[PDB]
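Peer 1:
2 protein chains.
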Amino acid sequence: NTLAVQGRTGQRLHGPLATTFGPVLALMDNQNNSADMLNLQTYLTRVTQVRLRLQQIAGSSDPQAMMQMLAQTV
Amino acid sequence: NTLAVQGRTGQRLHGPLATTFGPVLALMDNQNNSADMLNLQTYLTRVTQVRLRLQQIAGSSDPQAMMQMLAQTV
Numbered sequence: 720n721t722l723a724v725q726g727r728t729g730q760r761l762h763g764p765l766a767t768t769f770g771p772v773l774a775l776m777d778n779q780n781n782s783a784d785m786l787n788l789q790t791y792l793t794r795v796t797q798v799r800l801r802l803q804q805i806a807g808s809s810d811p812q813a814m815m816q817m818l819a820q821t822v
Numbered sequence: 720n721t722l723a724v725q726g727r728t729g730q760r761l762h763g764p765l766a767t768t769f770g771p772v773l774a775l776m777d778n779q780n781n782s783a784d785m786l787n788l789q790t791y792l793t794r795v796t797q798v799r800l801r802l803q804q805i806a807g808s809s810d811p812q813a814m815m816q817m818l819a820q821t822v
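If you read the sequences in order, they're chains a and b. All the letters of the first sequence, read from the start, carry residue numbers 720 to 730, 760 to 822 under the deposited numbering. All the letters of the second sequence, read from the start, carry residue numbers 720 to 730, 760 to 822 under the deposited numbering.
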């Protein structure tokens with residue numbers, strides 16, 4: 720949001765095409781297959797969803813027995 | 720709906765972001781991949797769609813056989 724509001728105050761068009769097509773496009777998702785920021789942001793929560801269950805809520809078996817499984821299947 | 724209408728009456761913008769980006773966003777589905785409330789609501793109908801057919805309409809065989817083949821594949 721710092722980049723969003725401090726990039727448009729450069730006058760939308762004459763806001764310079766350096767700091768325009770960079771991280772300003774990736775914030776506003778189009779209703780299509782644009783490489784948004786929300787998708788990497790959701791996949792990050794899925795990775796920390798797996799790992800938090802891996803460490804603490806290893807279900808009375810060791811995390812080691814599942815660590816070997818993950819490093820086998822990657 | 721209780722949370723929606725009793726959270727908007729806090730004045760949309762000065763309605764506080766504590767009770768805004770929580771369960772008020774998940775109600776209004778966008779036309780995209782937003783994690784809506786409707787998708788957990790549809791999967792929750794599908795799981796009881798399987799189990800209600802499991803218990804009563806076990807088709808003249810026991811539910812125990814299908815319980816075995818269901819807890820096998822999880």
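Think of the CB as a built atom: it goes at the ideal place given N, C-alpha and C, for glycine as much as any other residue.
Do the stretch 777-784 of chain b and the stretch 798-808 of chain b touch if we need at least three Cβ pairs shorter than 8 Å?
Peer 2: With the cut-off at 8 Å, the stretch 777-784 of chain b and the stretch 798-808 of chain b do not touch.
Peer 1: Where does the unbroken alpha helix (DSSP H) through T793(b) begin, and where does it stop?
Peer 2: Along the second sequence, read from residue 1 onward, the residue named residue 793(b) stands at position 45. Where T793(b) is concerned, the enclosing alpha helix (DSSP H) stretches over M785 to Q803.
Peer 1: For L775(a), which residues in the same chain have their Cβ closer than 7 Å to its Cβ, ignoring the five residues on either side in sequence?
Peer 2: By 1-based counting over the first sequence, the position of residue 775(a) is 27. Closer than 7 Å at the Cβ level, and outside the excluded window around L775(a), lie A723 and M785.
Peer 1: Along the stretch 788-799 of chain a, where does the CB come closer than 9 Å to a CB of chain b? Name the residues.
Peer 2: Going along the stretch 788-799 of chain a in chain order, one finds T790 with a Cβ nearer than 9 Å to chain b.
Peer 1: Check the Cβ of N720(b) against every Cβ in chain a and list those closer than 7 Å, keeping chain order.
Peer 2: Taking the second sequence and counting its residues from 1, the one referred to as residue 720(b) is at position 1. Going along chain a, no residue has its Cβ under 7 Å from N720(b), so there is no contact; the nearest lies around 26 Å.
Peer 1: Can you list the residues of chain C that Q779(b) reaches, using a CB-CB cut of under 8 Å?
Peer 2: No chain C appears in the structure shown, which is made up of the protein chains a and b.
Peer 1: Can you give the Cα-Cα distance for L792(a) and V798(a), rounded to whole angstroms?
Peer 2: To locate residue 792(a), count along the first sequence from 1; it is residue 44. To locate residue 798(a), count along the first sequence from 1; it is residue 50. C-alpha separation (whole angstroms): 10 Å.
Peer 1: So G763(b) and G770(b) are supposed to be a Cβ contact under 8 Å. How far apart are they, rounded?
Peer 2: Translated into positions along the second sequence, residue 763(b) becomes position 15. Translated into positions along the second sequence, residue 770(b) becomes position 22. Contact doesn't hold; Cβ gap of about 12 Å is too wide.
Peer 1: Mapping the DSSP letters down to three states, classify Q779(b) as helix, strand or coil.
Peer 2: In the second sequence, residue 779(b) corresponds to position 31, counting from 1. Three-state DSSP puts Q779(b) in coil, outside helix and strand.
Peer 1: Quick one: is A783(b) near chain a, going by C-beta distance under 9 Å?
Peer 2: Your numbering for residue 783(b) matches position 35 in the second sequence. Closer than 9 Å to some Cβ of chain a, the Cβ of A783(b) qualifies, so yes.
Peer 1: Which whole-angstrom value describes the C-beta separation of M817(b) and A806(b), a residue pair presumed to lie in contact below a C-beta threshold of 8 Å?
Peer 2: Residue numbering aside, residue 817(b) sits at position 69 when the second sequence is read from its first letter. Residue numbering aside, residue 806(b) sits at position 58 when the second sequence is read from its first letter. Going by Cβ atoms, the distance from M817(b) to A806(b) rounds to 12 Å, so no, they are not a contact pair.
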